[PDB]
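Please read the structure below before turning to the comments.
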Amino acid sequence: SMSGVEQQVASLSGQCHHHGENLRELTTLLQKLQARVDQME
Amino acid sequence: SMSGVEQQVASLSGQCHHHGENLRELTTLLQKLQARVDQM
Amino acid sequence: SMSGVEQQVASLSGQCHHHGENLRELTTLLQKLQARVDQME
């Protein structure tokens, strides 16, 4: 059972990392969209 | 407790999937707003 | 080991929650941008 938890924790860590990289990319795109909107005003 | 840790990991797996759902929703709303800015 | 696994689970739990707070942050900036763009049309 211990080894099964270790493997699922590793799976959760990879998904957690993937979500973190997606957050950073969405943050970049949002900041680019903010600048375009401000330039259009 | 092995069972206890197993239930915590199932909890985190659920929060993970929920976060993944929120990311997809935020991505779709960003694409719609970006298209609205392009149309202007 | 069971305590070592409880800690990694605790690591991940902290990150998940940080991720939630970043999602809420981005949702809010997106909602303010949506309003801003609505005022430009």
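Chain labels run A, B, ... following the order of the structure tokens; each chain numbers its residues from 1, and ligands are numbered from 1 in the order shown.
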Sorted by chain and rising residue number, list the residues of chain B at most 10 Å from chain C (counting only C-alpha atoms), each with its closest atom pair and distance in Å to one decimal, as a tab-separated table.
residue	atom	partner	partner_atom	distance
B:1	CA	C:2	CA	7.6
B:2	CA	C:2	CA	7.2
B:4	CA	C:6	CA	9.4
B:5	CA	C:6	CA	6.5
B:6	CA	C:9	CA	9.7
B:8	CA	C:9	CA	7.5
B:9	CA	C:9	CA	6.8
B:11	CA	C:13	CA	9.2
B:12	CA	C:13	CA	6.5
B:13	CA	C:16	CA	9.7
B:15	CA	C:16	CA	7.1
B:16	CA	C:16	CA	6.8
B:18	CA	C:20	CA	9.4
B:19	CA	C:20	CA	6.8
B:22	CA	C:23	CA	7.4
B:23	CA	C:23	CA	7.4
B:25	CA	C:27	CA	9.7
B:26	CA	C:27	CA	6.9
B:29	CA	C:30	CA	8.1
B:30	CA	C:30	CA	7.3
B:32	CA	C:34	CA	9.7
B:33	CA	C:34	CA	6.7
B:34	CA	C:37	CA	9.8
B:36	CA	C:37	CA	7.9
B:37	CA	C:37	CA	7.2
B:40	CA	C:41	CA	7.8
Export, as a short mmCIF file (atom, residue, chain, number, x, y, z; two decimals), in the first residue's frame, the selected residues with N, CA, C and O atoms.
data_model
loop_
_atom_site.label_atom_id
_atom_site.label_comp_id
_atom_site.auth_asym_id
_atom_site.auth_seq_id
_atom_site.Cartn_x
_atom_site.Cartn_y
_atom_site.Cartn_z
N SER B 1 -1.36 6.18 9.49
CA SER B 1 -2.36 5.26 8.95
C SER B 1 -2.29 5.22 7.42
O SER B 1 -2.49 6.24 6.76
N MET B 2 -1.99 4.03 6.88
CA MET B 2 -1.93 3.87 5.43
C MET B 2 -3.24 4.30 4.78
O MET B 2 -3.24 5.05 3.80
N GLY B 4 -5.47 6.33 5.96
CA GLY B 4 -5.61 7.77 6.08
C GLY B 4 -4.85 8.52 5.00
O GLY B 4 -5.40 9.43 4.37
N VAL B 5 -3.59 8.15 4.78
CA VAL B 5 -2.80 8.81 3.75
C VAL B 5 -3.40 8.55 2.37
O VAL B 5 -3.42 9.43 1.51
N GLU B 6 -3.93 7.34 2.16
CA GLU B 6 -4.58 7.03 0.89
C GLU B 6 -5.77 7.94 0.64
O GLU B 6 -6.02 8.36 -0.50
N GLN B 8 -6.16 11.02 1.94
CA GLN B 8 -5.63 12.34 1.67
C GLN B 8 -5.18 12.47 0.22
O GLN B 8 -5.41 13.50 -0.42
N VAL B 9 -4.53 11.43 -0.31
CA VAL B 9 -4.04 11.49 -1.69
C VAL B 9 -5.21 11.49 -2.67
O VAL B 9 -5.15 12.14 -3.72
N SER B 11 -8.05 12.89 -1.93
CA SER B 11 -8.53 14.27 -1.80
C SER B 11 -7.73 15.20 -2.71
O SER B 11 -8.31 15.96 -3.50
N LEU B 12 -6.41 15.16 -2.60
CA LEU B 12 -5.56 16.00 -3.44
C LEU B 12 -5.81 15.73 -4.92
O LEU B 12 -5.81 16.65 -5.73
N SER B 13 -6.03 14.46 -5.28
CA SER B 13 -6.33 14.15 -6.68
C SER B 13 -7.61 14.84 -7.13
O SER B 13 -7.72 15.26 -8.29
N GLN B 15 -8.86 17.77 -5.80
CA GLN B 15 -8.54 19.19 -5.91
C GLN B 15 -7.72 19.47 -7.16
O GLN B 15 -7.92 20.49 -7.83
N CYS B 16 -6.78 18.57 -7.48
CA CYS B 16 -6.00 18.68 -8.70
C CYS B 16 -6.91 18.75 -9.93
O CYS B 16 -6.80 19.66 -10.75
N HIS B 18 -10.07 19.48 -10.06
CA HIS B 18 -10.84 20.72 -10.00
C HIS B 18 -10.02 21.90 -10.50
O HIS B 18 -10.51 22.71 -11.29
N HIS B 19 -8.77 22.01 -10.04
CA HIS B 19 -7.87 23.05 -10.55
C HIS B 19 -7.72 22.94 -12.07
O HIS B 19 -7.69 23.97 -12.76
N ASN B 22 -10.77 24.46 -13.64
CA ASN B 22 -10.75 25.92 -13.58
C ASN B 22 -9.78 26.50 -14.60
O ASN B 22 -10.07 27.53 -15.23
N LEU B 23 -8.63 25.85 -14.80
CA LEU B 23 -7.66 26.33 -15.78
C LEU B 23 -8.26 26.31 -17.18
O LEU B 23 -8.10 27.27 -17.94
N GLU B 25 -11.44 26.46 -18.00
CA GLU B 25 -12.48 27.48 -18.09
C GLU B 25 -11.86 28.87 -18.25
O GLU B 25 -12.31 29.68 -19.07
N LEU B 26 -10.82 29.16 -17.46
CA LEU B 26 -10.13 30.44 -17.58
C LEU B 26 -9.47 30.59 -18.94
O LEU B 26 -9.39 31.70 -19.48
N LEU B 29 -12.26 31.52 -21.48
CA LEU B 29 -12.69 32.91 -21.32
C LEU B 29 -11.63 33.88 -21.82
O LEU B 29 -11.95 34.94 -22.36
N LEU B 30 -10.35 33.54 -21.63
CA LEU B 30 -9.27 34.39 -22.12
C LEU B 30 -9.27 34.45 -23.65
O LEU B 30 -9.05 35.51 -24.23
N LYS B 32 -11.88 34.10 -25.59
CA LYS B 32 -13.02 34.88 -26.04
C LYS B 32 -12.76 36.37 -25.87
O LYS B 32 -13.10 37.17 -26.75
N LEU B 33 -12.15 36.77 -24.75
CA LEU B 33 -11.81 38.17 -24.56
C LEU B 33 -10.73 38.62 -25.54
O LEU B 33 -10.79 39.73 -26.08
N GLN B 34 -9.75 37.76 -25.80
CA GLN B 34 -8.71 38.10 -26.77
C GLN B 34 -9.30 38.27 -28.16
O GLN B 34 -8.85 39.12 -28.94
N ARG B 36 -12.34 39.29 -28.66
CA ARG B 36 -13.11 40.53 -28.59
C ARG B 36 -12.20 41.74 -28.75
O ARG B 36 -12.60 42.76 -29.33
N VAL B 37 -10.96 41.65 -28.26
CA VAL B 37 -10.00 42.74 -28.43
C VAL B 37 -9.53 42.80 -29.87
O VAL B 37 -9.34 43.89 -30.43
N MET B 40 -11.98 44.67 -32.09
CA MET B 40 -11.92 46.12 -31.94
C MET B 40 -10.73 46.66 -32.72
O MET B 40 -10.39 47.84 -32.61
#
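Going from CA of residue 1 (chain A) to CA of residue 21 (chain B) covers 29.0 Å.
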*In Å to one decimal, how far is CA of residue 17 (chain B) from CA of residue 4 (chain A)?*
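Between CA of residue 4 (chain A) and CA of residue 17 (chain B) the gap is 19.3 Å.
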